[PDB]
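In what follows, a single structure is set out as structure tokens and then discussed.
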Protein chains: 2
Amino acid sequence: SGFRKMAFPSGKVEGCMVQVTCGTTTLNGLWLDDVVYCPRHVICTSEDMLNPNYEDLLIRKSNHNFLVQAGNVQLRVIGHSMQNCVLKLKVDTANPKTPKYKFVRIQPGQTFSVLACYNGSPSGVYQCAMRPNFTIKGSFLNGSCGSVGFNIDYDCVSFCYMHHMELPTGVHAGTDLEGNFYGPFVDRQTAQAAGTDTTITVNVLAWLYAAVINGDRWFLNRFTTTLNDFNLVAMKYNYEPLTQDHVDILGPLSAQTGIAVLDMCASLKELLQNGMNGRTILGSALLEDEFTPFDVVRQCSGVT
Amino acid sequence: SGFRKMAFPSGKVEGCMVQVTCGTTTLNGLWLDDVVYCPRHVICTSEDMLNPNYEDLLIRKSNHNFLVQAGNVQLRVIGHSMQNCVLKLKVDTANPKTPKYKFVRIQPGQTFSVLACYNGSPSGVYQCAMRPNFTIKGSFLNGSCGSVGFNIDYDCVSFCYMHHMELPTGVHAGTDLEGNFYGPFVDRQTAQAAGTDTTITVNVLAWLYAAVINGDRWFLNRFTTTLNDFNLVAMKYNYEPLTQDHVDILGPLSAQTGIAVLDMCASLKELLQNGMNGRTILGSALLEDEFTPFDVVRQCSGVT
Ligand SMILES: O=C(c1ccc2c(c1)OCO2)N1CCCCCC1
Ligand SMILES: O=C(c1ccc2c(c1)OCO2)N1CCCCCC1
């Protein structure tokens, strides 16, 4: 029993992290097969970042201008290309520790583990969610760019995120591994404001199921609701609208606990309207939204 | 910027996890050099657990009764001994992935990463604290026994915890790697109640510094206090007493932020007395106590 914010074991990804230096900028790269993936802003000075023309900056760069170091050994760069906002540096050596992997573009609400790295060396691992405004709330200092987000299905690492920047509000923006930003963000030092950081309703419900399963049941009430009635309250409290697709996804947790999804929605509705009154759920004083239904099932069943 | 509950990268420990089976009980072992460490209750049936005589149960066990599997390969057990509440199974093969390591017995308040494992396979990694009542609040299903807690200093893994049991209240108890329980707990299925789970005051203060550093400053007040005045409030709110040793440990965070430790104590005192009034600090509605001063400095400076 118990329920923890839990990251995937990071070993498979640790094996992929390298240091990329271009001139005086050092950040992290991901080494998969004979390709190192890194943020294209590695070619920028702090000056360049104000209005970079990446294609023009890249003309001034050759293979030998990108220094790739894996541990204390240098990799030979035999090719480089820019795909959207990432650089792909072809090296002469396949990463011998390349795990089974996929590049996936996740949806808002989806959770993933981040291996925070500095100079190509892992510092820590944490769990986070793609926010509905396509930011993430990370822990990233200077040098952490190119740190990656991932899920694991048994032995296959799905890479979903590469860290590129911090907004003036101290939230995080980055790309998938094809170099496409999540949301409307760009790798430029400009006014970029995030939209409304709404609560991931389906994730809250999942976590309320996790709570019931782990014996925290005080918030279960005597009411039910409908998707339309619930959504009116959701809207008011900056919760994401709940769809039938979310209800379907919650089916197994409904089945396990014998609490109909709309009943749990009615318990959530009362929690929003009445607050937690100084109570906690799974040791939280607010409604946790960075566990997916899949995360709850995984942790409650003990998938490895 | 940003501040996350962050575990150590788990790869070094992933390399140490094995499956231990004795008869019909399967749990996890830690394989370091040519020794596999596991909970001695691996020799117990669910029946035995009510009043096990471990020395008597062990007489009925030979080297060949302990099945040790690392991936899909069996290890040959050439010796076994019981040290306190752990078994040490000598195998004929040194773990080739043995990291630099130490066994350390941590104090209450100290944080560590847990690699949750099932059948010797890692499921996830999370951060937790040795509670002042020598429990931890983990996420452990059946088969997770022998999962370990650890800190990393650069390349040296300090093993501090091995998971042994869940109390009837769903909190966790385990040993150091010499098999000595944290607190008064025993590997027997009996009435074992935890004492008061007090708040780790020094850790709250550290996390308030982390908050100020990351721009969350609304709770900073116009007051200071003394250790004796603060402690009277601490006592009342089931916070651990703050010592000069804790004040000294907070010195670097005091220095960095320019907020005297006793001033932050006075801000904490007001938060206890006045509550958070629906406000959050670092996205928490309660005062987080599972970051040490060392953790805050590490994450705020970006140690790898
Ligand atoms: O809802 C509660 C409440 C009840 C029990 C609790 C709790 C809160 O937190 C821990 O256990 N209150 C508090 C007392 C006044 C009545 C209305 C609001
Ligand atoms: O202390 C607060 C408060 C103020 C601002 C906040 C907040 C809480 O949470 C988000 O921003 N209140 C709420 C209003 C009535 C006055 C006393 C209690």
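The chain as shown is numbered from 1 upward.
Placement of Cβ uses the backbone N, Cα and C atoms for every residue, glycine included.
The active site, for 3CL-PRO activity feature in Swiss-Prot is assigned to A:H41. Long-range neighbours of A:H41 (active site, for 3CL-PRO activity) (same chain, six or more residues apart, CB within less than 8 Å of its CB): A:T25, A:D48, A:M49, A:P52, A:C85, A:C145, A:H164, A:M165, A:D187.
Around A:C145 (active site, nucleophile), taking its Cβ as the centre, 25 other Cβ atoms fall within 10 Å, counting all chains. Annotated active site, nucleophile per Swiss-Prot: A:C145, in sequence order, evidence recorded as experimental evidence.
Take the CB of A:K5 (ubiquitin cross-link) and look out to 10 A: across all protein chains shown you find 22 other CB atoms. Summarising the annotation, Swiss-Prot assigns ubiquitin cross-link to A:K5 (among others) and lists experimental evidence as the type of evidence.
The ubiquitin cross-link annotation in Swiss-Prot covers A:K90 (among others). DSSP assigns A:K90 (ubiquitin cross-link) to a strand. Long-range Cβ proximity for A:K90 (ubiquitin cross-link), meaning a same-chain Cβ under 8 A and a gap of 6 or more residues, is found for A:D34, A:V35, A:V77, A:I78, A:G79, A:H80, A:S81.
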Intermolecular Cβ proximity, recorded positions A:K5, A:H41, A:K90, A:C145 versus chain B, under 8 Å: A:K5
Three-class DSSP secondary structure - A:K5 (ubiquitin cross-link): coil
